[PDB]
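Order of writing sets the labels: A, B, C, D, E, F and G. Residues in every chain begin at 1.
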Amino acid sequence: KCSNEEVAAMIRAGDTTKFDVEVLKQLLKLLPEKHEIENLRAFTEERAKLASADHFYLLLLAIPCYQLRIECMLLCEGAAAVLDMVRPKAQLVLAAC
Amino acid sequence: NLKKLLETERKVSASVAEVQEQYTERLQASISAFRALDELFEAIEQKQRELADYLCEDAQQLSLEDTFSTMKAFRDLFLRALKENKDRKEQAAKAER
Amino acid sequence: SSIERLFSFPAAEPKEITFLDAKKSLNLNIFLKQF
Amino acid sequence: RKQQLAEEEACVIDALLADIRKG
Amino acid sequence: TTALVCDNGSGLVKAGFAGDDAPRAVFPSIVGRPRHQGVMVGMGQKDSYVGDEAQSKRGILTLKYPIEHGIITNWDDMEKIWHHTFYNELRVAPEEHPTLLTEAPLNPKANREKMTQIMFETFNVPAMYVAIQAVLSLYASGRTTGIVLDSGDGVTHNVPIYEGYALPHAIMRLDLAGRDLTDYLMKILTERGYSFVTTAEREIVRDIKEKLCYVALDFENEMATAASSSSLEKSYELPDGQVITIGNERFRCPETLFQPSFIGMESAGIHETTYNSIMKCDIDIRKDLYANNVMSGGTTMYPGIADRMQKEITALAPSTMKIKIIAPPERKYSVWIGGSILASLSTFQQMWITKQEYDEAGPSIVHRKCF
Amino acid sequence: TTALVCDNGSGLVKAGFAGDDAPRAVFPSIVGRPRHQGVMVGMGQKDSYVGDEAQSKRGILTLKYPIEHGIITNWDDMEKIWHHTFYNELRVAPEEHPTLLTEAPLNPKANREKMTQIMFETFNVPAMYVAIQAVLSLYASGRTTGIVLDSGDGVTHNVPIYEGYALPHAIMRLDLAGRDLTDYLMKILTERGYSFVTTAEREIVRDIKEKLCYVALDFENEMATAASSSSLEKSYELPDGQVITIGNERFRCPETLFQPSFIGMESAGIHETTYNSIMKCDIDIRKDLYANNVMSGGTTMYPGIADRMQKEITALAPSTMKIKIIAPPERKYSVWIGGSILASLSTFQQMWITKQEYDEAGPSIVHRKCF
Amino acid sequence: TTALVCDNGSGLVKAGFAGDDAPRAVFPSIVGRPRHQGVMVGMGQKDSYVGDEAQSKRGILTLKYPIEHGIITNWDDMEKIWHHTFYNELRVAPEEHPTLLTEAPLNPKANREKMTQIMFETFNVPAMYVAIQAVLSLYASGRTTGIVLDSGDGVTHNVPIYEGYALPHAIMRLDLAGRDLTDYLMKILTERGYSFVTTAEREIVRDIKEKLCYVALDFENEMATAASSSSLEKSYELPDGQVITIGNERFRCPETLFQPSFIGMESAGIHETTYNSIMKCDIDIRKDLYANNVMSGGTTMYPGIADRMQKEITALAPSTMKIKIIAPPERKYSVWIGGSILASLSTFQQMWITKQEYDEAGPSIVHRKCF
């Protein structure tokens, strides 16, 4: 429910308010391929004529090394969820023993 | 999760500094928390071996989940026996009345 | 003593004269019941 | 639908909040 | 040994011996407790009042109903109900008399557990059984096939039976009956100006509902008739001497049975419950269900309900069927009466749950013996 | 054309235009009549006094409240109240201003009939509408879902609304509020030696209740604290110059809201009323209801009531819910303030009851048009 | 042009494109309408909620399922379901996209007539096909031969195929699946005390069934184990904060698939249906139906069902021959997945029902072009 520039700037900022596990999993499943990137850097003409799909990928490729940022953001959220579900259970098992 | 976080830390440490200044503190906190969880699991192994020597089972054959399910069902049987004995004493009291 | 007390094994009308059979009489008694 | 396809290709809140400060 | 039938209704307890026509003790099931400060010492000031004593002294008592929608919530109060109906009303020892008890279908099992445990250890009978009310209403009807709508004070349930065979998948339960009608009458009597808030005034609103209300044949025509002219308005005298007059509330109150959305329930009416319980059965018995609509319970005692019920089913059923509502003039005590024939049946004597079977099998044989 | 909002509460008339923080006329709804022999001639002697004029000269007047528990008894006095709040307090003609009026739920319909007839025939308007106070309170809270406890001077009612959908079966009314607390404070101020019997002294007892009283967090601990040491005792000065000091009566008076048996009434407290109004709703929305409790009215202006109500509901609710109670400092007039919300709404312009619709339909369209 | 797959089952609409792994829009098929009185005005109160909005706002809604046992009863509701799954979920134009719909066998023909007519005249496509779900499940399994047991929310059907050849006389339909399991679980959760009567509470009972229930390997031993000790009992948290704990109802509820007499149905279980479907075929293929028992649908997602049905068929089949259940980990969405391979197949492009053929042949080609 927002422009693509807000999405790209929020991926660059790494703010984790409304980026949960499933949205970043979808984002990883739609990753820009090699021929797609090679076609996008070969574009010389006016930017506004292309679709929003190319606009999102160029705003994403403007960020240096986007894929590591997306993966560690997903892994940090997943590691927080795994810690919050396992650590009281492990303390309960140790207290039970 | 700890293996993925260690691989992620190695990938961020090979990357540019803009990834590093934003993400290395969260990666280090997650790795330290999961390491403390791993010594917590090692403490659970030590209490498991002490419980296997306690209950006189084999250390490789004892299942903690079966033991805790046995304790849960035994506690339910304990409470059911307590309520049935209390109701029997109460009904004997009203029969004497 | 109480365990031995409790948990031991234990030591081991005028006759209704009718000229009808039973089935017709019971079918009529069912039939006259709903009135 | 064909004539639609032919014809194509061709505040309460601040008003009350200003006046609540008058009492 | 003479048997006991004790219909523990949500609003009225009806208890009595076997082989009798009229129930011996019909009295409301309420436990009263005083809420004011007693200043006169002595003269037998009881801490609790049960039955008609709670009714006569209700102006200084908080009255509690121990049964809500067929499920007993407070159990010490219901023990006091059983103690009053055994020792004071019928004046019999429970330990020398078998006692058939009634039940709504689709009841929680722990209710049946606690009733079995209380009737075998507190008031320890030789034998007791937990029956189904609609089967007793079909017993009192005298026929064998039919669908029974039983509507009491808490539970309206529909059970269809063909040739002595109930269909348990077709049994339907609705938690809408006379207490909900009384509370809806409290909500709509505030419109004319009369305020009733306490539980003492619940008996007055229930008495107004019993005396004056009736079921409309057509709802919209009766609303137009009451709105146009005040001929349907009728009067009643309160115990403090005030005279009230009510109009449309004579037929807005029992209309909640046909239209549950008056009291905010998503369910359909009793006629649609009856029609769906008929259509949940097998096909070949359905005609035999249409001519034997048995209606029981005190909620179906308004003097307009049989014609409306026939009209609604005749609208719902196909036109080649003779709809016949079996609404007897003494349908208020038919559950107790069919309990009295069932308790006096010679073949029923082998189906009792005995004391010895309870001691062998715990309080769990009542799931494995009763239905 | 600006609209009018006129909350005609049991205690205080709050009237004004659309879109203000404070109502433009806040004054108690009293009509004063003289009870002594007027020996001086002339000097502007009036047969009646309305509002703060009756408050100023209250020593030589008998004050009458025309509204009692949300139901207007004396109607000529109510017409004098409306004539004073139109022509003197606001100084505007009623023939050129639409007027939104508030109403307690479960009000008798003849009260609505008579206010519609008087507002269309004595103070004849372009339009008028009759609304529910709790809906305006939820408007002033700035949210859509939640349960509202309104508590004025005669009526305390709980209304739960989810996504703009009120549940009419879950609306509860309790006739216990600040007038009953003022009468209870008259009853318990007699213990310390202070007598207040007249209607003029009701204003002094109400001023003592407004200024000094507060809600205790724990009742028995505060009884022990007040009985042990006199740290909780506070002083007040009467207009004749006398000095009074009160101790436990600071927190015995509002406790009747949390314990209605002090003034002898069977129904439960406001937190049990809130909890039972929550559990009468459907099961999915209750988690939204527990975090969106709303209090309005002047009776919830004691500075201990939110923590006590949080403690009581957290005792009542299961432990996995966050009991959040919205208690704004502006909640004394929020019933009026949401009336400023609704009258200024563009979607409300088609729901007013105009003069012409009254002319065909009589004074009966207000039932079918309003709630 | 890419194609659309839309498994429009009784419970969950699963729709997405062709060539994709997972169905993008998975949402339950319900139309929700409000049943209370809305007092708030403005801010967009819709009269009908479809999809996840009906799930989120279910505490004020009556939810209607437009599909019952694979037969669409209410057609305007199904029109709104298709409108929501095209315009709002996938955000696509159906006028430029082919569409493969799923259908249970032994369906009434006028249902297929109305699917063709509404799909070609309201959401008019270039092309559309109606397929059998078991054939798509065999497409997902990646094999040519096998017997497929599909069990959605309304229909459990068995279809055997050998070397591309379905045997139509061996196809069997049973109207028993997860909705009947949900209704039986609503019937049997009343035993433990938990009452669920509304359509919103059906979703909570469905969530209980999805989260906790499992298929027993041996029913009588599991009943004895649950009766002996409370190790099989498990707890669940309701949205109102109450915590339930259930026992034998975890495995009594899915046992209705193997024992249809629990809900009063005369027909045999799914294992006898599978064995009779194999035995109705010709003899030489029967061995190849024993090793390729393909399962699909969300009803076969309990984590005890493959070993149980292997045990039942191994008891039923001759012992000199291997039984092998093909139970993929993604068998919930396998109808959609095999629709995605079939929509992406090059040879399927001649089997579309184009708009020109529909205009020439009326709505009658779907009997002769489809199965």
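The criterion applied here is as follows: a residue touches a chain if its C-beta (ideal position, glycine included) is under 8 Å from a C-beta of that chain, and two chains touch if they have at least 3 such contacts.
Chains and their UniProt names: E, F, G = Actin, alpha skeletal muscle.
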Pair joined by the larger number of C-beta contacts - A-B, D-F: A-B
Repeat of the E-G interface, chosen from F-G or E-F (over half of contact pairs identical by residue number): E-F
Centre-of-Cα separation between chain E (Actin, alpha skeletal muscle) and chain D, whole angstrom: 58
Whole-Å separation of chain centres (CA-atom averages), chain B against chain E (Actin, alpha skeletal muscle): 52
Chain centre separation (chain B, chain G (Actin, alpha skeletal muscle); CA means) in Å: 38
Approximate Å spacing (C-alpha centroids) for the pair chain A, chain D: 36
Residue list for chain G (Actin, alpha skeletal muscle), restricted to those that touch at least two other chains: 36, 198
Sequence positions of chain D contacting 2 or more other chains: none
Touching pairs - complete list by chain label: A-B, B-E, B-G, C-E, D-F, E-F, E-G, F-G
Partner chain E (Actin, alpha skeletal muscle), residues of chain B touching it in the complex: 87, 91, 94
Sites on chain F (Actin, alpha skeletal muscle) touched by chain D in the complex: 18-22, 24, 337, 340-341, 344-346
Chain E (Actin, alpha skeletal muscle) residues within the chain G (Actin, alpha skeletal muscle) interface of the complex: 106-110, 167-170, 175, 261, 264, 266-267
Partner chain G (Actin, alpha skeletal muscle), residues of chain F (Actin, alpha skeletal muscle) touching it in the complex: 132, 135, 138-139, 144, 161-168, 281-287, 317-321, 342, 345-348, 351, 371
Complex contact set, residues of chain E (Actin, alpha skeletal muscle) against chain F (Actin, alpha skeletal muscle): 35-36, 62, 187, 190-193, 197-200, 263-264
